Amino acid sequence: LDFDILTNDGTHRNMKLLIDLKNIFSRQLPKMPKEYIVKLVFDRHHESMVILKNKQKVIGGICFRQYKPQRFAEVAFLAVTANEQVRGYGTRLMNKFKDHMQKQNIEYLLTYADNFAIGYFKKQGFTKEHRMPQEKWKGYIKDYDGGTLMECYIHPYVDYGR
């Protein structure tokens, strides 16, 4: 069981892993246009951290986009394959992600949430009330009136997972 950053380097190996992850995303996010998931996952700005089982099988992951100069990143997609849910993987992934973000000098995590989703990120430490100056993400992260923008502060020396 590994949580590795999956590089989109045009190799058969990584490409396959990214595709498997993309398929888990669409199967688990039915309201999301599959081609839209494809677009983001493989674009120049996004990165993915995968939950790798037996160093070959993808069972989950999180797609995100860092805004390095601004020191914040947006979570695009998060998911664990159906037959592997409710085993603590999703929470362990999020913790590995925060630790990686802390190491990447990222100060805040932002993500849009709807319905149930909101409850999930609240349990993952995200809040509706932001402490990050609005004008900081304005212009970088699209402002949708239809979704709840949530944020998680990444303190420089709090221990998240490992």
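The first residue of the shown sequence is 1; numbering continues from there. By rigid core we mean the largest C-alpha set that fits within 1.5 Å across both forms.
In a rigid core superposition of the other structures in 6 other deposited structures of this protein, 64 to 72 and 107 to 115 differ in how far their CA atoms stray, and the farther one is 107 to 115. With 11 to 19 and 142 to 150 compared on mean CA B-factor from the PDB entry, the stretch scoring higher is 142 to 150. As the entry records it, the average C-alpha temperature factor is higher for 66 to 74, out of 66 to 74 and 92 to 100. By the numbers in the PDB entry, the CA B factor is greatest at 137 among 36, 137, 112, 126. Considering 106, 51, 40, 117 together, the PDB entry gives 117 the largest C-alpha B factor.
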